[PDB]
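File shown: final01.cif (mmCIF, C-alpha atoms).
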```
data_final
loop_
_atom_site.label_atom_id
_atom_site.label_comp_id
_atom_site.auth_asym_id
_atom_site.auth_seq_id
_atom_site.Cartn_x
_atom_site.Cartn_y
_atom_site.Cartn_z
CA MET A 1 97.38 15.82 133.66
CA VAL A 2 97.45 12.61 131.64
CA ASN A 3 93.96 12.89 130.12
CA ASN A 4 92.67 15.60 127.83
CA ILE A 5 89.68 17.62 129.02
CA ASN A 6 86.63 16.78 126.96
CA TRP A 7 83.88 19.21 127.90
CA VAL A 8 80.28 18.14 128.50
CA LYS A 9 77.34 20.15 129.80
CA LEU A 10 76.00 20.44 133.35
CA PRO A 11 72.95 18.09 132.89
CA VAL A 12 75.44 15.24 132.53
CA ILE A 13 75.77 15.33 136.33
CA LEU A 14 72.01 14.99 136.77
CA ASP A 15 71.87 11.88 134.60
CA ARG A 16 74.03 10.38 137.37
CA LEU A 17 72.44 11.91 140.47
CA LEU A 18 68.81 11.16 139.61
CA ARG A 19 69.73 7.48 139.31
CA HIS A 20 69.49 7.68 143.11
CA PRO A 21 65.86 7.74 144.30
CA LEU A 22 66.66 10.02 147.28
CA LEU A 23 68.33 12.70 145.12
CA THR A 24 65.31 13.10 142.84
CA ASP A 25 64.47 16.66 143.95
CA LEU A 26 67.66 18.16 142.48
CA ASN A 27 67.39 20.79 139.76
CA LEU A 28 69.96 22.37 137.49
CA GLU A 29 69.70 25.40 139.80
CA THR A 30 71.18 23.55 142.77
CA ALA A 31 73.73 21.85 140.52
CA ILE A 32 74.81 25.22 139.07
CA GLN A 33 75.70 26.32 142.59
CA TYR A 34 77.10 22.99 143.80
CA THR A 35 79.39 22.66 140.76
CA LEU A 36 80.84 26.14 141.22
CA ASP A 37 81.42 25.14 144.84
CA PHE A 38 83.22 22.06 143.57
CA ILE A 39 85.19 23.68 140.74
CA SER A 40 86.46 26.27 143.23
CA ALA A 41 87.23 23.99 146.19
CA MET A 42 89.31 21.63 144.07
CA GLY A 43 91.30 24.50 142.57
CA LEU A 44 92.40 22.35 139.65
CA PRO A 45 94.28 24.45 137.06
CA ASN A 46 93.39 22.11 134.18
CA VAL A 47 89.71 23.02 134.53
CA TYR A 48 90.06 26.78 133.90
CA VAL A 49 90.47 28.29 130.44
CA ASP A 50 93.71 30.16 129.79
CA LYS A 51 93.07 33.47 128.00
CA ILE A 52 95.43 36.37 127.22
CA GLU A 53 94.29 39.98 126.78
CA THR A 54 96.04 43.35 126.38
CA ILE A 55 94.66 46.00 128.71
CA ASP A 56 95.86 49.59 129.04
CA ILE A 57 96.67 51.50 132.22
CA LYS A 58 95.35 55.02 132.70
CA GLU A 59 97.06 56.30 135.86
CA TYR A 60 98.37 53.32 137.89
CA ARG A 61 94.98 51.67 137.26
CA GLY A 62 93.50 49.49 134.55
CA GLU A 63 90.15 47.91 133.88
CA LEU A 64 90.33 44.18 134.31
CA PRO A 65 88.49 41.62 132.13
CA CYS A 66 85.00 40.55 133.15
CA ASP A 67 85.62 36.79 133.16
CA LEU A 68 88.81 36.82 135.24
CA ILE A 69 89.28 34.34 138.07
CA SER A 70 93.02 33.94 138.55
CA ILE A 71 95.86 35.97 137.07
CA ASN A 72 98.82 33.91 135.89
CA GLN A 73 101.15 36.81 135.10
CA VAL A 74 101.01 40.40 133.93
CA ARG A 75 103.78 41.53 131.61
CA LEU A 76 104.51 44.87 129.99
CA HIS A 77 103.42 45.08 126.40
CA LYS A 78 106.39 46.95 124.97
CA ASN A 79 109.21 45.33 126.96
CA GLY A 80 107.69 41.95 127.66
CA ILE A 81 109.14 41.91 131.19
CA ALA A 82 106.75 40.67 133.80
CA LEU A 83 105.44 42.55 136.81
CA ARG A 84 105.95 41.06 140.34
CA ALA A 85 103.25 41.74 142.83
CA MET A 86 103.43 45.03 144.74
CA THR A 87 104.71 45.06 148.31
CA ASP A 88 104.50 48.88 148.37
CA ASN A 89 102.21 50.42 150.96
CA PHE A 90 102.27 53.84 149.27
CA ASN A 91 102.01 52.99 145.56
CA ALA A 92 100.47 55.99 143.81
CA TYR A 93 100.70 58.35 146.71
CA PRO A 94 103.13 61.24 146.25
CA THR A 95 105.66 62.76 148.61
CA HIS A 96 106.06 66.54 149.11
CA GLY A 107 112.37 50.54 139.55
CA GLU A 108 111.24 46.94 139.12
CA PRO A 109 107.54 47.36 138.29
CA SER A 110 104.76 45.65 140.20
CA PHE A 111 101.01 45.09 140.17
CA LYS A 112 98.09 44.40 142.51
CA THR A 113 94.45 43.48 142.00
CA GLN A 114 91.37 43.47 144.21
CA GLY A 115 88.15 43.48 142.23
CA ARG A 116 87.70 44.63 138.66
CA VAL A 117 90.74 46.91 139.15
CA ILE A 118 94.43 46.27 138.62
CA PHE A 119 96.77 48.64 140.46
CA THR A 120 100.13 49.04 138.76
CA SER A 121 103.31 50.98 139.60
CA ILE A 122 103.46 52.71 136.19
CA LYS A 123 101.34 55.58 134.94
CA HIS A 124 100.56 55.29 131.22
CA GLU A 125 101.35 51.93 129.63
CA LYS A 126 99.89 48.77 128.14
CA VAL A 127 100.15 45.37 129.82
CA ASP A 128 99.30 41.85 128.75
CA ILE A 129 97.32 39.78 131.24
CA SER A 130 97.47 36.00 131.17
CA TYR A 131 94.48 34.88 133.20
CA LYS A 132 92.03 32.02 133.67
CA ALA A 133 88.29 31.81 133.01
CA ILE A 134 85.52 29.20 132.94
CA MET A 135 84.54 27.46 129.72
CA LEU A 136 80.94 28.41 128.93
CA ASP A 137 78.18 27.23 126.57
CA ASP A 138 75.81 28.53 123.97
CA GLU A 139 74.02 29.28 127.24
CA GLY A 140 75.74 31.21 129.99
CA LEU A 141 76.54 28.11 132.00
CA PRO A 142 79.65 26.30 133.26
CA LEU A 143 80.97 23.54 131.02
CA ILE A 144 82.56 20.73 133.00
CA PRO A 145 85.03 17.93 132.11
CA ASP A 146 83.87 14.58 130.74
CA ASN A 147 86.49 12.85 132.95
CA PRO A 148 84.58 10.16 134.88
CA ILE A 149 86.67 10.65 138.01
CA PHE A 150 85.75 14.36 138.02
CA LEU A 151 82.16 13.34 137.31
CA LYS A 152 82.01 10.72 140.06
CA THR A 153 83.31 12.95 142.86
CA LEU A 154 81.13 15.81 141.69
CA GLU A 155 78.26 13.35 142.01
CA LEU A 156 79.43 12.37 145.50
CA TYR A 157 79.82 16.07 146.37
CA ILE A 158 76.23 17.05 145.56
CA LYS A 159 75.06 13.81 147.18
CA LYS A 160 77.02 14.65 150.34
CA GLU A 161 75.62 18.18 150.40
CA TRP A 162 72.08 16.91 149.86
CA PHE A 163 72.46 14.13 152.42
CA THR A 164 73.74 16.64 154.97
CA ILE A 165 70.47 18.57 154.73
CA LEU A 166 68.61 15.27 155.00
CA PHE A 167 70.70 14.35 158.05
CA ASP A 168 70.12 17.70 159.73
CA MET A 169 66.39 17.28 159.12
CA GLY A 170 66.43 13.84 160.72
CA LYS A 171 65.62 12.02 157.48
CA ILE A 172 68.83 9.99 156.99
CA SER A 173 70.55 7.51 159.30
CA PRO A 174 73.98 8.37 160.77
CA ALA A 175 75.61 5.48 158.89
CA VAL A 176 74.35 6.69 155.50
CA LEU A 177 75.93 10.13 155.85
CA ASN A 178 79.03 8.48 157.33
CA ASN A 179 79.47 6.21 154.31
CA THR A 180 78.89 9.00 151.79
CA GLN A 181 81.38 11.21 153.64
CA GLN A 182 83.86 8.34 153.33
CA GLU A 183 83.06 7.45 149.72
CA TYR A 184 83.45 11.11 148.70
CA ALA A 185 86.63 11.77 150.68
CA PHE A 186 88.43 9.04 148.76
CA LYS A 187 87.29 10.34 145.37
CA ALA A 188 88.17 13.90 146.33
CA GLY A 189 91.74 12.87 147.03
CA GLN A 190 91.66 10.79 143.88
CA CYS A 191 90.31 13.66 141.72
CA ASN A 192 93.18 15.76 143.01
CA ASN A 193 95.64 13.19 141.71
CA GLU A 194 94.02 12.92 138.28
CA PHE A 195 94.41 16.58 137.42
CA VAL A 196 97.75 17.24 139.14
CA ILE A 197 100.16 14.36 138.36
CA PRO A 198 102.23 15.31 135.30
CA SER A 199 101.95 13.48 132.00
CA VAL A 200 104.84 11.80 130.19
CA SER A 201 105.17 15.05 128.26
CA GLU A 202 104.84 17.31 131.32
CA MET A 203 107.48 15.30 133.17
CA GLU A 204 110.08 16.14 130.54
CA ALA A 205 109.33 19.80 131.20
CA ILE A 206 110.12 19.13 134.87
CA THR A 207 113.12 16.88 134.23
CA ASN A 208 114.73 19.54 132.05
CA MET A 209 114.02 22.03 134.84
CA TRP A 210 115.14 19.83 137.73
CA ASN A 211 118.36 18.76 135.95
CA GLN A 212 120.38 21.96 135.55
CA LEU A 213 124.16 22.03 135.98
CA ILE A 214 124.16 25.83 135.71
CA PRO A 215 120.90 26.79 137.47
CA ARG A 216 118.31 29.07 135.89
CA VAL A 217 116.72 31.25 138.58
CA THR A 218 115.15 34.05 136.51
CA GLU A 219 112.27 32.27 134.80
CA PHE A 220 109.71 34.83 135.98
CA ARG A 221 111.13 37.64 133.83
CA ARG A 222 110.10 35.56 130.85
CA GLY A 223 106.62 34.11 130.91
CA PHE A 224 108.07 30.82 132.25
CA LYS A 225 108.89 30.12 128.60
CA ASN A 226 112.31 28.53 129.05
CA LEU A 227 111.29 26.62 132.18
CA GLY A 228 111.25 23.18 130.61
CA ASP A 229 114.11 23.73 128.16
CA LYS A 230 116.83 21.10 128.18
CA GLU A 231 120.06 22.60 129.44
CA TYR A 232 122.86 21.79 126.98
CA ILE A 233 126.57 22.00 127.86
CA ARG A 234 129.37 22.05 125.30
CA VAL A 235 131.89 19.21 124.99
CA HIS A 236 135.58 19.99 125.48
CA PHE B 214 32.41 5.22 169.80
CA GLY B 215 35.24 5.52 167.31
CA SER B 216 38.13 7.72 166.23
CA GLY B 217 41.59 6.48 165.35
CA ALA B 218 43.59 9.47 164.10
CA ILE B 219 45.49 10.07 167.34
CA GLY B 220 46.01 6.43 168.36
CA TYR B 221 47.41 5.97 164.86
CA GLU B 222 49.94 8.80 165.06
CA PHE B 223 50.89 7.90 168.63
CA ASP B 224 51.47 4.31 167.57
CA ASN B 225 53.22 5.46 164.38
CA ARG B 226 55.47 7.83 166.32
CA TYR B 227 56.20 4.95 168.70
CA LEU B 228 57.44 2.97 165.69
CA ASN B 229 59.65 5.75 164.31
CA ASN B 230 61.61 5.77 167.57
CA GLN B 231 62.23 2.03 167.35
CA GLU B 232 63.68 2.11 163.83
CA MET B 233 65.48 5.45 164.30
CA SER B 234 67.15 3.78 167.27
CA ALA B 235 67.72 0.58 165.28
CA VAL B 236 69.55 2.44 162.50
CA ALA B 237 71.52 4.28 165.20
CA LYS B 238 73.23 0.99 166.11
CA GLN B 239 74.35 0.24 162.53
CA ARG B 240 78.14 0.29 162.13
CA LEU B 241 80.24 -0.53 159.07
#
```
Structure rendered as structure tokens:
Amino acid sequence: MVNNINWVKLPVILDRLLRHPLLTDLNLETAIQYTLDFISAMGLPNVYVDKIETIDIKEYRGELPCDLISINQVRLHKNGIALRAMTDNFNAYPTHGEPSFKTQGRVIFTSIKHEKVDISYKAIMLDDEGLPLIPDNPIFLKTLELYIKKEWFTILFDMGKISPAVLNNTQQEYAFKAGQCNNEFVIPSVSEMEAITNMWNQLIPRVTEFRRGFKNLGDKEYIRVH
Amino acid sequence: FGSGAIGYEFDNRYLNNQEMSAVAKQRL
């Protein structure tokens, strides 16, 4: 992403929506739901907050943090080597290696009995209140505004209170800014493109970046002169 | 005599169907 994420609160999006005299029955309560539906459906990794925590494993099981949404990696605490996901169908089950993990809910299922792991995960930025804190980026703000407008105009079209050309134009005006908001948060910066250029340009290829925490991924690959 | 609360809403509902049809022909 080129732009930094400045955070502003959720009632920023209702300054914009209640400029429209047909969207004047929106609350924060609908916008709390319709922003979580937008933060999720875009899947933008520059919106979530990267946190790292050390959890300990009791017997192939560990308690996972409460604010987790997506795990980046899980590495051992003593070695530092990272755990691949588990393909095993019979993990902790006994009969009569490269370690792996698996997560469903608030549980992580590991392949090792008694250890400590680090978890690099992602969470939502919150407030003094317990509320989502969204970017200030006016392309993220404008397609979030067109999202809640499209989801409020759909109810007003199903009720028979909005013409077919008004929902058709909002569905078109949003679908441009949804593809645009993808490209704001995805396209690498001038600094992030050197991390790709030093990864894409490798005379001797580096294919074991997952054992480290992708630390040496963007390192420039130097060759000696003879 | 006089009462105009059904001839209103039957003339008003006649006018919804004109404009709901008129906005149904609007194409960008």
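Here is the contact set of chain A against chain B, at 9 Å and counting all atoms listed in the file: residues 173, 174, 175 and 179 of chain A.
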Inset, instruction - Compile the contact shell of residue 155 (chain A) as a ChimeraX atom specification: residues with an atom at most 12 Å away, counting all atoms listed in the file, same-chain residues fewer than 4 positions apart removed. - result: /A:10-20,23,26,31,34-35,38,148-151,159-163,180,183-184,187-188
Residues just named, written with C-alpha atoms as an mmCIF file, in the frame of the given file:
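What landed in selection08.cif:
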```
data_model
loop_
_atom_site.group_PDB
_atom_site.id
_atom_site.type_symbol
_atom_site.label_atom_id
_atom_site.label_comp_id
_atom_site.auth_asym_id
_atom_site.auth_seq_id
_atom_site.Cartn_x
_atom_site.Cartn_y
_atom_site.Cartn_z
ATOM 1 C CA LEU A 10 76.000 20.440 133.350
ATOM 2 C CA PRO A 11 72.950 18.090 132.890
ATOM 3 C CA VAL A 12 75.440 15.240 132.530
ATOM 4 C CA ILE A 13 75.770 15.330 136.330
ATOM 5 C CA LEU A 14 72.010 14.990 136.770
ATOM 6 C CA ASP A 15 71.870 11.880 134.600
ATOM 7 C CA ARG A 16 74.030 10.380 137.370
ATOM 8 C CA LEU A 17 72.440 11.910 140.470
ATOM 9 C CA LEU A 18 68.810 11.160 139.610
ATOM 10 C CA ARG A 19 69.730 7.480 139.310
ATOM 11 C CA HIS A 20 69.490 7.680 143.110
ATOM 12 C CA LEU A 23 68.330 12.700 145.120
ATOM 13 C CA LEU A 26 67.660 18.160 142.480
ATOM 14 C CA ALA A 31 73.730 21.850 140.520
ATOM 15 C CA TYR A 34 77.100 22.990 143.800
ATOM 16 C CA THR A 35 79.390 22.660 140.760
ATOM 17 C CA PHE A 38 83.220 22.060 143.570
ATOM 18 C CA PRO A 148 84.580 10.160 134.880
ATOM 19 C CA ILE A 149 86.670 10.650 138.010
ATOM 20 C CA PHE A 150 85.750 14.360 138.020
ATOM 21 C CA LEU A 151 82.160 13.340 137.310
ATOM 22 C CA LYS A 159 75.060 13.810 147.180
ATOM 23 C CA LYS A 160 77.020 14.650 150.340
ATOM 24 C CA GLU A 161 75.620 18.180 150.400
ATOM 25 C CA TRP A 162 72.080 16.910 149.860
ATOM 26 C CA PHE A 163 72.460 14.130 152.420
ATOM 27 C CA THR A 180 78.890 9.000 151.790
ATOM 28 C CA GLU A 183 83.060 7.450 149.720
ATOM 29 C CA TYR A 184 83.450 11.110 148.700
ATOM 30 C CA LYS A 187 87.290 10.340 145.370
ATOM 31 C CA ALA A 188 88.170 13.900 146.330
#
```
Legend entry - Picked residues, the PyMOL selection byres ((chain A and resi 147) around 12), as a PyMOL selection string: chain A and resi 1-8+12-13+46-47+144-146+148-154+191+194-195
Legend entry - Selection near residue 88 (chain A), 12 Å with only C-alpha atoms, sequence-local residues under 3 positions removed, as number ranges by chain: A: 84-85, 91-93, 107-112, 119-121
Legend entry - Residue nearest residue 44 (chain A) - candidates A:70, A:182, A:79, A:114, atoms counted: only C-alpha atoms: A:70
Legend entry - Atomic separation - CA of residue 223 (chain A) relative to CA of residue 201 (chain A), Å: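 Going from CA of residue 201 (chain A) over to CA of residue 223 (chain A) covers 19.3 Å.
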Legend entry - Atomic distance CA of residue 58 (chain A) - CA of residue 122 (chain A), expressed in Å with one decimal: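 Pair CA of residue 58 (chain A) / CA of residue 122 (chain A) returns 9.1 Å.
With CA of residue 53 (chain A) on one side and CA of residue 87 (chain A) on the other, the separation reads 24.5 Å.
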Could you write out as AutoDock Vina command-line options the box around region 16-21 of chain A (axis-aligned, all atoms listed in the file, 6 Å on each side), with centre and edge lengths in Å to one decimal?
```
--center_x 69.9 --center_y 9.7 --center_z 140.8 --size_x 20.2 --size_y 16.4 --size_z 18.9
```
Inset, instruction - Kindly indicate which residue among A:171, A:197, A:157, A:178 lies nearest to residue 41 (chain A), using all atoms listed in the file for the distances. - result: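 So, comparing all the options, the nearest one is A:157.
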Inset, instruction - Name the residues in contact with residue 115 (chain A) at a cut-off of 10 Å, using only C-alpha atoms, excluding same-chain residues fewer than 4 positions from it; report them as a ChimeraX atom specification. - result: /A:63-64,68
